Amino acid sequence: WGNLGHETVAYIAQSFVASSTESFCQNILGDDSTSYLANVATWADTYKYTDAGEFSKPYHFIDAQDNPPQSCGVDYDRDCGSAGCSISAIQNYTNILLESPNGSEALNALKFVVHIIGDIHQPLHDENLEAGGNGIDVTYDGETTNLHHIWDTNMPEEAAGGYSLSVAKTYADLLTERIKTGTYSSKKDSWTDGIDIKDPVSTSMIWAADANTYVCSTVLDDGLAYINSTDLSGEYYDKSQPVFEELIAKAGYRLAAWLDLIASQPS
(Lines of atoms letter the chains of each structure in order from A and count residues from 1; the text may use other names and numbers.)
(Lines give C-alpha, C1' and ligand atoms only; values in the text may rest on other atoms or scores of the structure.)
Protein backbone atom coordinates (compact mmCIF):
# COMPACT_ATOMS: atom_id res chain seq x y z
CA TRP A 1 0.00 0.00 0.00
CA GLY A 2 0.95 3.64 -0.13
CA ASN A 3 1.29 5.57 3.04
CA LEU A 4 -2.44 6.06 3.53
CA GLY A 5 -3.15 2.33 3.37
CA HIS A 6 -0.37 1.43 5.80
CA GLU A 7 -1.43 4.01 8.32
CA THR A 8 -5.05 2.88 8.01
CA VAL A 9 -4.04 -0.74 8.65
CA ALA A 10 -2.10 0.49 11.67
CA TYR A 11 -4.95 2.54 13.17
CA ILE A 12 -7.30 -0.43 12.75
CA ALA A 13 -4.89 -2.57 14.65
CA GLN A 14 -4.68 0.13 17.37
CA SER A 15 -8.46 -0.17 17.73
CA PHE A 16 -8.31 -3.93 18.50
CA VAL A 17 -5.15 -4.67 20.46
CA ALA A 18 -5.39 -5.35 24.24
CA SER A 19 -4.29 -2.40 26.44
CA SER A 20 -1.34 -4.58 27.57
CA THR A 21 -0.37 -4.98 23.90
CA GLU A 22 -0.59 -1.23 23.43
CA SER A 23 1.86 -0.76 26.29
CA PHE A 24 4.17 -3.44 24.98
CA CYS A 25 4.26 -1.77 21.55
CA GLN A 26 4.63 1.79 22.74
CA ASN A 27 7.60 0.93 24.95
CA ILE A 28 9.35 -0.87 22.07
CA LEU A 29 8.77 2.01 19.71
CA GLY A 30 9.60 4.79 22.23
CA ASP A 31 6.32 6.31 21.09
CA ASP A 32 3.64 6.94 23.73
CA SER A 33 1.42 8.94 21.34
CA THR A 34 -2.06 8.11 20.21
CA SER A 35 -0.71 7.22 16.69
CA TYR A 36 2.12 4.82 17.96
CA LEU A 37 1.49 2.16 15.20
CA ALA A 38 0.49 4.51 12.40
CA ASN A 39 3.56 6.71 12.99
CA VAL A 40 5.95 3.82 12.18
CA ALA A 41 3.83 2.08 9.53
CA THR A 42 5.55 3.73 6.52
CA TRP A 43 9.22 3.60 7.75
CA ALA A 44 10.09 0.35 5.89
CA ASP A 45 9.22 1.98 2.53
CA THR A 46 11.78 4.73 2.84
CA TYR A 47 14.32 2.65 4.80
CA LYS A 48 14.64 0.20 1.89
CA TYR A 49 16.02 2.96 -0.32
CA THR A 50 18.86 3.88 2.05
CA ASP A 51 22.32 2.33 2.02
CA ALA A 52 21.74 0.53 5.31
CA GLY A 53 18.24 -0.68 4.40
CA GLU A 54 18.67 -1.91 0.82
CA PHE A 55 18.82 -5.57 2.06
CA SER A 56 15.14 -5.23 3.06
CA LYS A 57 13.60 -4.24 -0.30
CA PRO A 58 12.53 -7.82 -1.09
CA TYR A 59 10.71 -8.17 2.22
CA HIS A 60 7.71 -6.23 0.90
CA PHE A 61 6.23 -8.90 -1.34
CA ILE A 62 6.20 -12.52 -2.43
CA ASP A 63 6.40 -12.88 -6.19
CA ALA A 64 3.82 -15.63 -6.78
CA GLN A 65 4.71 -17.58 -9.96
CA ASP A 66 1.12 -18.35 -10.89
CA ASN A 67 -0.99 -17.74 -14.02
CA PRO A 68 -3.62 -15.04 -13.43
CA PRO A 69 -6.44 -14.42 -13.94
CA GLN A 70 -7.25 -18.05 -14.69
CA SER A 71 -4.97 -19.78 -12.12
CA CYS A 72 -3.70 -18.23 -8.83
CA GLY A 73 -1.60 -19.59 -6.01
CA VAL A 74 1.37 -18.81 -3.78
CA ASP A 75 3.99 -21.28 -2.61
CA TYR A 76 6.61 -20.25 0.00
CA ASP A 77 9.64 -22.17 -1.22
CA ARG A 78 8.84 -21.65 -4.90
CA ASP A 79 8.13 -17.95 -4.63
CA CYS A 80 10.05 -16.42 -1.73
CA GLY A 81 13.53 -16.44 -3.20
CA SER A 82 17.00 -16.59 -1.76
CA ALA A 83 17.10 -12.90 -0.65
CA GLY A 84 13.86 -13.17 1.43
CA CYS A 85 10.31 -12.05 1.03
CA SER A 86 7.33 -10.86 2.99
CA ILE A 87 6.75 -14.30 4.49
CA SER A 88 10.38 -14.83 5.56
CA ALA A 89 10.50 -11.31 7.05
CA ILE A 90 7.32 -12.03 9.06
CA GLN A 91 9.00 -15.12 10.48
CA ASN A 92 12.33 -13.32 11.20
CA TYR A 93 10.89 -10.21 12.83
CA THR A 94 8.16 -11.96 14.72
CA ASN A 95 10.73 -14.28 16.21
CA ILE A 96 12.97 -11.35 17.22
CA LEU A 97 9.99 -9.90 19.10
CA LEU A 98 9.13 -13.18 20.78
CA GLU A 99 12.74 -13.91 21.86
CA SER A 100 14.32 -10.45 22.37
CA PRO A 101 11.68 -7.74 22.75
CA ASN A 102 14.07 -5.74 24.98
CA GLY A 103 16.99 -6.01 22.53
CA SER A 104 18.23 -3.51 19.99
CA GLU A 105 16.57 -5.31 17.05
CA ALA A 106 13.03 -5.04 18.53
CA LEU A 107 12.30 -1.53 17.33
CA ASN A 108 12.90 -2.28 13.59
CA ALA A 109 11.28 -5.70 13.96
CA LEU A 110 8.01 -4.14 15.15
CA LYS A 111 8.13 -1.50 12.44
CA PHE A 112 8.63 -4.28 9.92
CA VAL A 113 5.73 -6.40 11.20
CA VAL A 114 3.34 -3.43 11.21
CA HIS A 115 4.26 -2.55 7.61
CA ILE A 116 4.59 -6.04 6.08
CA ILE A 117 1.34 -7.44 7.42
CA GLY A 118 -0.29 -4.58 5.56
CA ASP A 119 1.74 -5.24 2.31
CA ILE A 120 0.76 -8.94 2.36
CA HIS A 121 -2.89 -7.86 2.05
CA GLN A 122 -2.28 -5.85 -1.12
CA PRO A 123 -3.02 -8.58 -3.79
CA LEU A 124 -0.26 -7.41 -6.19
CA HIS A 125 2.33 -7.81 -3.40
CA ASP A 126 1.51 -11.57 -3.75
CA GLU A 127 2.06 -11.77 -7.54
CA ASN A 128 5.08 -12.04 -9.85
CA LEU A 129 3.52 -10.78 -13.14
CA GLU A 130 5.21 -7.63 -14.45
CA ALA A 131 6.99 -6.97 -11.13
CA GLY A 132 3.75 -7.14 -9.10
CA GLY A 133 1.94 -5.17 -11.78
CA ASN A 134 4.53 -2.31 -11.82
CA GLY A 135 5.14 -3.07 -15.50
CA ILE A 136 1.46 -2.81 -16.48
CA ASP A 137 0.85 0.75 -17.65
CA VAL A 138 -2.65 2.08 -17.20
CA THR A 139 -4.68 5.27 -17.32
CA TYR A 140 -6.32 6.46 -14.15
CA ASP A 141 -8.37 9.73 -14.16
CA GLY A 142 -6.61 10.68 -17.40
CA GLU A 143 -3.05 10.33 -16.07
CA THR A 144 -0.68 7.52 -17.00
CA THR A 145 0.36 5.33 -14.06
CA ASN A 146 0.71 1.62 -13.43
CA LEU A 147 -1.50 -1.13 -12.04
CA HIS A 148 0.56 -1.57 -8.87
CA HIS A 149 0.43 2.20 -8.12
CA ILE A 150 -3.35 2.41 -8.41
CA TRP A 151 -3.86 -0.52 -5.95
CA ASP A 152 -1.27 0.88 -3.57
CA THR A 153 -2.20 4.54 -3.81
CA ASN A 154 -4.66 5.99 -6.31
CA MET A 155 -7.71 3.90 -5.36
CA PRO A 156 -7.26 3.78 -1.58
CA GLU A 157 -6.67 7.60 -1.42
CA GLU A 158 -9.74 8.19 -3.59
CA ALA A 159 -11.84 6.06 -1.27
CA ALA A 160 -10.44 7.59 1.94
CA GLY A 161 -10.73 11.13 0.56
CA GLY A 162 -7.05 12.02 0.92
CA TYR A 163 -3.68 10.95 2.32
CA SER A 164 -2.92 12.58 5.70
CA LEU A 165 -2.64 10.80 9.06
CA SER A 166 -5.95 12.37 10.02
CA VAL A 167 -7.58 10.99 6.84
CA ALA A 168 -6.07 7.57 7.62
CA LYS A 169 -7.49 7.63 11.19
CA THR A 170 -11.00 8.51 9.95
CA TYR A 171 -10.82 5.73 7.34
CA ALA A 172 -9.63 3.26 9.90
CA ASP A 173 -12.49 4.36 12.18
CA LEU A 174 -14.97 3.67 9.30
CA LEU A 175 -13.56 0.16 8.66
CA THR A 176 -13.30 -0.57 12.38
CA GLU A 177 -17.09 -0.01 12.81
CA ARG A 178 -17.60 -2.34 9.78
CA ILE A 179 -15.73 -4.99 11.73
CA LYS A 180 -17.43 -4.45 15.09
CA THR A 181 -21.05 -3.96 14.05
CA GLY A 182 -21.24 -3.54 10.32
CA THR A 183 -20.85 -5.51 7.18
CA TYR A 184 -17.80 -7.52 8.24
CA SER A 185 -19.08 -8.36 11.69
CA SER A 186 -20.26 -11.85 10.78
CA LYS A 187 -17.05 -12.78 8.93
CA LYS A 188 -14.40 -11.32 11.11
CA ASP A 189 -14.23 -14.18 13.70
CA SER A 190 -13.08 -16.37 10.74
CA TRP A 191 -10.36 -13.84 9.76
CA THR A 192 -8.06 -15.14 12.52
CA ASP A 193 -8.61 -18.81 11.99
CA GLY A 194 -5.55 -20.85 11.76
CA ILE A 195 -3.44 -18.06 13.38
CA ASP A 196 -0.41 -19.74 15.03
CA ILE A 197 2.32 -17.68 16.77
CA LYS A 198 4.61 -20.74 16.70
CA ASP A 199 4.31 -20.98 12.91
CA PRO A 200 4.77 -17.54 11.30
CA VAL A 201 5.40 -19.02 7.88
CA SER A 202 2.14 -20.99 7.79
CA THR A 203 0.18 -18.10 9.30
CA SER A 204 1.43 -15.37 7.01
CA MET A 205 0.99 -17.78 4.01
CA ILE A 206 -2.70 -18.03 4.84
CA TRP A 207 -2.95 -14.28 4.57
CA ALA A 208 -0.82 -14.04 1.43
CA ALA A 209 -2.86 -16.82 -0.22
CA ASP A 210 -6.10 -14.97 0.73
CA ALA A 211 -4.94 -11.72 -0.84
CA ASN A 212 -3.53 -13.56 -3.86
CA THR A 213 -7.02 -15.01 -4.78
CA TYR A 214 -8.10 -11.46 -5.55
CA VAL A 215 -5.43 -11.25 -8.24
CA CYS A 216 -7.62 -13.61 -10.24
CA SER A 217 -11.08 -12.57 -9.02
CA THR A 218 -10.67 -8.81 -9.06
CA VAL A 219 -7.34 -7.32 -10.10
CA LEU A 220 -6.92 -9.04 -13.47
CA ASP A 221 -10.26 -10.75 -14.29
CA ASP A 222 -11.18 -8.09 -16.87
CA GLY A 223 -8.20 -9.27 -18.97
CA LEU A 224 -5.09 -7.33 -19.92
CA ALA A 225 -6.59 -5.80 -23.08
CA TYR A 226 -9.24 -4.08 -20.94
CA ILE A 227 -6.72 -2.98 -18.32
CA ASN A 228 -4.40 -1.57 -21.07
CA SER A 229 -7.12 0.54 -22.80
CA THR A 230 -9.73 1.68 -20.25
CA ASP A 231 -9.64 4.46 -17.69
CA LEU A 232 -9.65 2.50 -14.43
CA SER A 233 -11.16 5.29 -12.25
CA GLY A 234 -14.61 4.25 -13.45
CA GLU A 235 -16.21 0.84 -13.18
CA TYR A 236 -12.82 -0.76 -12.27
CA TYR A 237 -12.54 1.47 -9.22
CA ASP A 238 -16.18 0.73 -8.36
CA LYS A 239 -15.67 -3.04 -8.15
CA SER A 240 -12.15 -2.78 -6.64
CA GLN A 241 -13.21 -0.63 -3.74
CA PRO A 242 -15.08 -3.26 -1.63
CA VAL A 243 -12.23 -5.72 -2.21
CA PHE A 244 -9.40 -3.42 -1.11
CA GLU A 245 -11.51 -2.14 1.83
CA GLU A 246 -12.12 -5.65 3.08
CA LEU A 247 -8.41 -6.51 2.66
CA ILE A 248 -7.32 -3.32 4.56
CA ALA A 249 -9.80 -4.23 7.36
CA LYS A 250 -8.50 -7.81 7.44
CA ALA A 251 -4.86 -6.57 7.49
CA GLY A 252 -5.64 -4.37 10.53
CA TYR A 253 -7.63 -7.05 12.37
CA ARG A 254 -5.02 -9.72 11.72
CA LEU A 255 -2.14 -7.37 12.65
CA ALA A 256 -3.91 -6.69 15.99
CA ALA A 257 -4.33 -10.37 16.68
CA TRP A 258 -0.69 -11.06 15.80
CA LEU A 259 0.53 -8.22 18.02
CA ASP A 260 -1.59 -9.53 20.94
CA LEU A 261 0.06 -12.95 20.49
CA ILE A 262 3.55 -11.44 20.41
CA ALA A 263 2.88 -9.30 23.49
CA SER A 264 1.57 -12.35 25.37
CA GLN A 265 5.23 -13.63 25.21
CA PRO A 266 4.27 -17.31 25.22
CA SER A 267 6.59 -20.01 26.62
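Don't overthink the numbering: it's just position in the shown sequence, from 1. Here the rigid core means the biggest group of C-alpha atoms that line up within 1.5 Å when the two forms are laid on top of each other.
With the rigid core as the fit anchor, does 206-214 or 27-35 show bigger C-alpha shifts in 7 other deposited structures of this protein?
Higher root mean square deviation of C-alphas in 7 other deposited structures of this protein is shown by 27-35.
Quick one: higher average CA temperature factor, 112-120 or 77-85?
Per the PDB record, 77-85.
Per the PDB record, is the mean Cα temperature factor higher over 62-70 or over 42-50?
The deposited B-factors put 62-70 ahead on the C-alpha mean.
If you check the C-alpha B-factor for each of 217, 56, 230, 212 in the entry, which is highest?
Top of the list by C-alpha B-factor: 230.
If you check the C-alpha B-factor for each of 136, 90, 97, 155 in the entry, which is highest?
Within the set 136, 90, 97, 155, 136 shows the top C-alpha B-factor.
Check where residue 204 lands among this chain's C-alpha B-factors and tell me if it's the lowest, middle or highest third.
Lowest third - that is where residue 204 ends up once the chain's C-alpha B-factors are sorted.
Compared with the other modelled residues in the chain, in which third is the CA B-factor of residue 189?
Highest third.
By its CA B factor, does residue 37 count among the lowest, middle or highest third of the modelled residues in the chain?
According to the entry, residue 37 has a C-alpha B-factor in the chain's lowest third.
Taking the C-alpha B-factors as the PDB entry records them, is residue 126 in the lowest, middle or highest third of its chain?
CA B-factor rank for residue 126: lowest third.
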